[PDB]
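Student: Structure for the following, please:
(chains A, B and C)
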Amino acid sequence: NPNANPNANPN
Amino acid sequence: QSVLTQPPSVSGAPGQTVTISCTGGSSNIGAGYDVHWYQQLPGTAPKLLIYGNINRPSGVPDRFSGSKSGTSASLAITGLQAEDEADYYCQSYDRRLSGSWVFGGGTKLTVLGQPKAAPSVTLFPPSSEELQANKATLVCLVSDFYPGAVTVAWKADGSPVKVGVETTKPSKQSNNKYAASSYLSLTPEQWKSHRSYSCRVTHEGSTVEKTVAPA
Amino acid sequence: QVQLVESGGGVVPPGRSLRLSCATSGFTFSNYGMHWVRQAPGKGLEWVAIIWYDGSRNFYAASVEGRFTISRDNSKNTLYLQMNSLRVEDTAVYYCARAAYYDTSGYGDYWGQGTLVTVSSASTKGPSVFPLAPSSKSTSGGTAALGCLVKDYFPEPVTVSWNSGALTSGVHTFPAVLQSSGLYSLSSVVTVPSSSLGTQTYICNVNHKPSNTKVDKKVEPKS
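Tutor: Numbers count the residues shown, from 1 in each chain, chains lettered A, B, ... in the order given. What follows is the structure:
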C-alpha cells in the first residue's frame, strides 16, 4: 500500500 | 491530462480575492483522501502552502486558506499581494494509481501590475517550398498580451489536435507584455486531407481563432 | 533547520545511466520516508518514487517502474535515485522531498532546491529556413506581415536580420521553442507597407554559428 504512513512517527 | 483538474491561470488586482479550484473524482478527492497545496515561486522549488485540506504551516500568512466539498477542493487568497505571483498545485492520492501522491496540472497566478492586454494572433500556413520538401508546419504567433498566460488549441475541421503541437512558454517582451509561439507539424498528406486548420488562442476568458484553408 | 540538497544532475544521451543524491541535515533522517518529484521544463509536478523510513518498501510511478531505483544511506543521511535506461521524456528538474502524513494521505513538508537532468540525443544541426509569404489578414491598415521559419536547429542561438541589417523597424524575432525532438525552432516576422511588396525585395539573413550555416531566404508574395 503506497498510501500508508511512511514515517516512524505521526506528524 | 492531470488526474486532478486545475485552471491553467487566474489573475486578480492587488487587494482582491481569488480562488483556485481542484476537481477530482470518486477515486481520489471523492473518496476522502486528504488534499494539500503547494506554492512554487518563479524559478524556485515548491513549498508547502496548505496541508490536511485546511491547515496552514505556521509560516504561511493567514491570507491563504483551503477547503473541499464532495469531489472538489479550493484554494482562496485574500488581499492579493504582488509577492503572491506563483504557480499553485493541489495534491492528493488516487486509488487507481501505483503512486503515493498525485498532482494537479497547476495554476499560474498573476497579480495585475498593469491593465490587461489582449493577444494579437498571426497564423501562417505551410509554405509551398516546405511542402515541396515533403513537410508542413503551421505557425501561430501570439504577441502583446498580459497576464503572461495563454492557452493555444489547434483544430482540424473543428476537431481538436494534440499530436505534433509544440508551444512555448510566454516570455516578457521589451514592453513588459508577453509573446508566445505554437507550431503544428504535419505531413503534406495530413495538410491536404482537411478543409481547414485553426489556431484558437484563449486569454483571460476571451478567444481569438484564426483559420487557414489548404486551397 | 530541515535542509535538503540535491546533486548529480547533468546532460546525457538516451540509454545512459545516472545517480542523483540528496544530502539532508537538521533532522533524524532515519525517522522519515523520502520522495522524489520531477518537473519537466515549463510543465507540472510529477510524483516519481518513495522509500519508507526503514527502507522496507519502495513504490514507483508507472512511467519509471523497472528503470529507476530509490535507495538511502542512513549513515550519511543521504537519499539516492539510480536512473537507468534514461529516455528523452525523463528530462526534468528532480526534487528531494521529506514525507509527511495527515489522516488519509501524505504530503511533503520540506523540499530541496532541485537538480536538472537533461536527456537529449541532439547534436550540432543547421536550420531549415522557409519563407512566410506576406499576409495582411492580421496587420494594421496598409501593411503586411512576412517572415522566415527557422526550423530544427541545435544548439542555440541563431541570429536573424533583414536586408543585411537595413530593415529593423517592425521586426519581431520570437523566442525559440525547444521541441520534444530536442531541436529548436523560431520565427522572425517583419511588418512592411503593402504598397512595397510589388517592388522592394525582402530577404532574411539567418546565421547559425554552431554549425557554421548561413542562409539568405528571399520572401516573395504569394500567387
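Student: in the chain, which residue is closest to the centre?
Tutor: In the absence of a named chain, this looks at chain A. residue A:5 (1.2 Å; CA atoms, centre = their mean).
Student: was after chain C, sorry
Tutor: Centroid-nearest residue in chain C: residue C:41, 4.4 Å away (criterion: CA atoms, centre = their mean).
Student: if I look at that one, how far off is chain A?
Tutor: According to CB to the nearest CB, to the nearest Å, residue C:41 and chain A sit 27 Å apart. (C-beta placed from N, C-alpha, C; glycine too.)
Student: The residue nearest to the centre of chain A and residue C:31, how far apart?
Tutor: Distance of residue A:5 to residue C:31, given as CB to CB, to the nearest Å: 12 Å.
Student: again, but for residue B:73
Tutor: For residue B:73, the distance to residue C:31 (CB to CB) stands at 29 Å.
Student: which of those two has more neighbours?
Tutor: Taking neighbours as other CB atoms under 10 Å in any protein chain shown, residue B:73 and residue C:31 compare with residue B:73 leading, 28 against 12.
Student: Assign a three-state SS to the more buried one, would you?
Tutor: Here residue B:73 is recorded as strand under DSSP: H, G, I helix; E, B strand; the rest coil.
Student: Equivalent analysis for the one 10 residues further on, please.
Tutor: Going by three-state DSSP, the secondary structure assigned to residue B:83 is helix.
Student: Repeat that for the one 5 residues further on.
Tutor: Assigned state for residue B:88: strand (three-state reduction, three-state DSSP).
Student: Pull the number of nearby residues for it.
Tutor: Residues contacting residue B:88 under the criterion other CB under 10 Å number 25.
Student: gap between the residue nearest to it when sequence neighbours are not counted and residue B:200?
Tutor: Nearest residue to residue B:88, sequence neighbours excluded (CB to CB, 6 or more residues apart in numbering or on different chains): residue B:107, at 4.9 Å. According to CB to CB, residue B:107 and residue B:200 sit 20 Å apart.
Student: end-to-end on stretch C:25-32?
Tutor: End-to-end distance of stretch C:25-32: 12 Å, with CA to CA, to the nearest Å as the criterion.
Student: what about it, near chain A?
Tutor: Yes: counting by CB under 8 Å from any CB of the partner chain, chain A has neighbours in stretch C:25-32: C:30-32.
Student: Show me what counts as buried in that stretch.
Tutor: C:29, C:32 (16 or more other CB atoms under 10 Å in any protein chain shown).
Student: what's in contact with it?
Tutor: With CB atoms under 8 Å, 6 or more residues apart in numbering or on different chains as the test, stretch C:25-32 has contacts from A:6-9, C:1-3, C:53-54, C:72, C:74, C:77-78, C:98-99.
Student: starting at the chain centroid, how far to it?
Tutor: Averaging C-alpha positions (CA atoms, centre = their mean, to the nearest Å) puts stretch C:25-32 33 Å from its chain's average.
Student: ok, now stretch B:187-194?
Tutor: Taking CA atoms, centre = their mean, one finds stretch B:187-194 lying 29 Å from the centre of the chain it belongs to.
Student: picking that back up, list residues touching both of residue A:5 and residue C:31?
Tutor: Counting by CB under 8 Å, 6+ apart, no residue touches both residue A:5 and residue C:31.
Student: so what's the residue in chain C positioned nearest to chain A up against?
Tutor: Closest approach between chain C and chain A, counting by CB to the nearest CB: residue C:33, at 3.1 Å. If a contact means CB under 8 Å, 6+ apart, then residue C:33 has A:6-7, C:50-53, C:98-99 as its contacts.
Student: Could you list which of the residues you listed also contact chain B?
Tutor: Answer for the contacts of residue C:33 near chain B (CB under 8 Å from any CB): A:6, C:50, C:99.
Student: Let me see the domain layout of chain B.
Tutor: What curated CATH domains lists as the domains of chain B is B:2-113, B:114-215.
Student: These into TSV, with extra columns for distance to residue C:199?
Tutor: Output for these, formatted as TSV (distance: least, CB to CB, whole Å):
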stretch	distance to residue C:199
domain B:2-113	45
domain B:114-215	22
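Student: ok, back up a step: please report how far the residue nearest to the centre of chain A lies from residue B:102.
Tutor: 17 Å.
Student: and the residue of chain A found nearest chain C, how many neighbours?
Tutor: Ranked by CB to the nearest CB, the top residue of chain A for proximity to chain C is residue A:6, at 3.1 Å. The burial count assigned to residue A:6 is 23, neighbours taken as other CB under 10 Å.
Student: Fine, thanks again, bye for now.
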